Each structure stands twice: as C-alpha cells, then as structure tokens.
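Only one chain is given next, in structure tokens, and it is the form deposited in one PDB entry.
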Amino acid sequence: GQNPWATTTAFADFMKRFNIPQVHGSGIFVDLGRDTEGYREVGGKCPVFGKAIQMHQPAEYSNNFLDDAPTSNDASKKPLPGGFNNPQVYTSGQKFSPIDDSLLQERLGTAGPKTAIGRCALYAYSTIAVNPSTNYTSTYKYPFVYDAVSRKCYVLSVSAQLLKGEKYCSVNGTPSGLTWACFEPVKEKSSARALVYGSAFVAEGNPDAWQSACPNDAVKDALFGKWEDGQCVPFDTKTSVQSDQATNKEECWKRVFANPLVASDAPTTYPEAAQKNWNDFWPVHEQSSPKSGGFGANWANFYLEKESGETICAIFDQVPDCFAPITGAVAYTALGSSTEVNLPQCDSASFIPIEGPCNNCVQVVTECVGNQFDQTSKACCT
C-alpha cells in the first residue's frame, strides 16, 4: 500500500506545494535569507498571503507601513513619520511606488507576467535600488507588497521586518525620543485591503510559478499527515510543537504564522548596539545572521478533537507527505491565505483502494468515492 500522494502527477504536484523548505527556502515570519553588498536581503520564493508589518507609532501618526518612507530626517520628530514604501519619483515625476496593476501590465508588455503577484515581484526585481546611506545605486533587491483590493503594487525600500526592545525603538511613544517606532510582522484579514508580502525573488525564473508551486491556500476538509503503515496519519497533539485550543480556524491561521518556532531569519541574539539611524532601511548582514532556510514549525492542523469537544490548532514542524481527508478540518501554513481550496479530485473508476493493517479489529482504508479522497476506519474481524 503506497502513498497515493506520489501516485499521480496531480496529487504529487499538490503535495509538493507544502514542502516549504524546498519551495520557499527562506524565513517566513521574518525573511532575510539573502545577503548582498553587506546587507540582509528578503529571499523566499513564495508569496506570503496576509503578511503585514504592524507598526507602533504614537496615536497621532499614520502608523501605516505602506506609507512613503522618509527621504530626509527631521531631528525634531521622534519617532520619524513614514512607512516602508519606496518614495523615489521617476525623472518624469511619477512615483516609483505604489503603482496600479493596470499600469504595470502596460509597462511590462505583451509578454509580461500573467498574475498580479508575478508583475509586482518582477517590478520589484527590476527596480534599481539605491543605498539609503551612501545614496549610490546598488544591486540589492527590494521586497514588495501587492494589495488585491486596491489592485496596487508596492515596492518597499525598507526591508526590515522586525524591530523590538526599548533600547532600540518606541511603542506608542514610550520610551520617548527614539528615532524608530517598533514593529513586527503579523497576519491580517481585513475587508479594506488584502496584502501579499514577498521577496523580489518570487519573480526569478517564472514570476507566475507561485500559483502552481506554492502553498497559497488553506486546504478544506483535510489534515496534513505522514504516510505510515498504509494510512495517512495526521499530525496532532502527539507529534506537534504546540496544540492549544483555538476559538476558530482563522485564529489558528494567524497563530501558525506568529508562533515562536516558525521558520524565521530574525537574529535570536541581541548584540549590545547603538540606536539605528533614521535611514537604516536594510538590516546589516553579520557572519552570525541566521538563515532558517524555511525549516521550522510552519504547518498547522485545525480540527475538532473527537475526544474532548475542543477545536485544536496543532502546529508542527515536519514536512507532511499526505492528506487525511476529514470533514470540517482545515490545513493551514504560515505562507498561505485563509481562503480554502479542495483536495484534488480523485478518479473513482481507476483509483485502487489501499488497506492499512488490522489493529484490534479496525483497519484504515483510503479510497475514491464520488471522485473524492476518503479515509475511513473499517471493521476487519468478520
């Protein structure tokens, strides 16, 4: 009884998507998987759906990270107003960023990318960066944020994703006098905007590949598992890094992204250091800069524990290689959206059913019923 998820091009293409260290290959919470010219550079190959940078400027401020980043200091404003958005104008006087997707389609041409995410990544990948200190052109690549509501593409000249600690930044104006307010990445689900954060390297090769290669969506009525003993066995309390209750599935979706063990390239140590300058837009690359490579607790199973009446978010850190179809369960990642897709259909006419071994008169049977994957227990003592 072989893993049917390797048994078919369509099943194998679907499972491959969830091999995150392979297909993404960089941090997810904070992505700093590359370095160039001495700076940490955003590097993952997969778009990160719903990723926003939460800021903490005092109440009167805009506190919107898609705001123009500052072009000059004002020593008299602490913290300095601004977001992460690249604020350069073209010599025509048109802004670099944000740009309407409409226009990008025009500017990329007849053979440009067929997805808004591919366009926005390519647009970033093509943008000639400029050192925010020396003021000289650089080979550094900016990350991007596509907003699927405004249909606008943003290129961020600020590539920093996580700034923390009262030595280095203010929360809501405390301590006072700090140049930078604090900030950290968060999954958001808002009706007003629908964000996708990515490195420019989404564009590299085929900018549209993410659609097919990456774990863009939650999987409905299925759990991530591991094939063993002729059966998909889902990850649960036994085999997870945490498995606390969640009030609802969206909370689980947010949790996996924010969880302390998610693949992340943030420095785990705190070098006694002076305050960042107003224009330290890019993290400096140090010999000890961590690279998760996208290994970590990046997957979450959301299910109703039959035993206890509670919904569980079971976050785990193994690459899964099958799905257990279970009605009402959801499989999430730190990369994907909370929007839900089905398991690939299944061909009932040819699909060969696979039987687990009999243990205590119950075996697990995987079949195709009405063209859908089915996993059930079956009595096997007469």
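Numbering starts at 1 and follows the sequence shown. Rigid core here is just the name for the largest C-alpha set that superposes within 1.5 Å across the two forms.
FYI, the form deposited in another entry isn't displayed, but the following is about it.
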property	result
Core-superposed comparison between this form and the one not shown, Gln22 Cα displacement 2 Å or beyond	no
Displaced residue check between this form and the one not shown: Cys182, CA, 2 Å or over, core reference	no
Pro132: Cα shift of 2 Å or greater between this form and the one not shown (core-aligned)	yes
Note on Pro344-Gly370 C-alpha separation in the other form, which departs from the shown form by 3 angstroms or more	closer
CA-CA separation of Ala209 and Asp347, closer or farther in the other form than in the form shown [shift of 3 angstroms or more]	closer
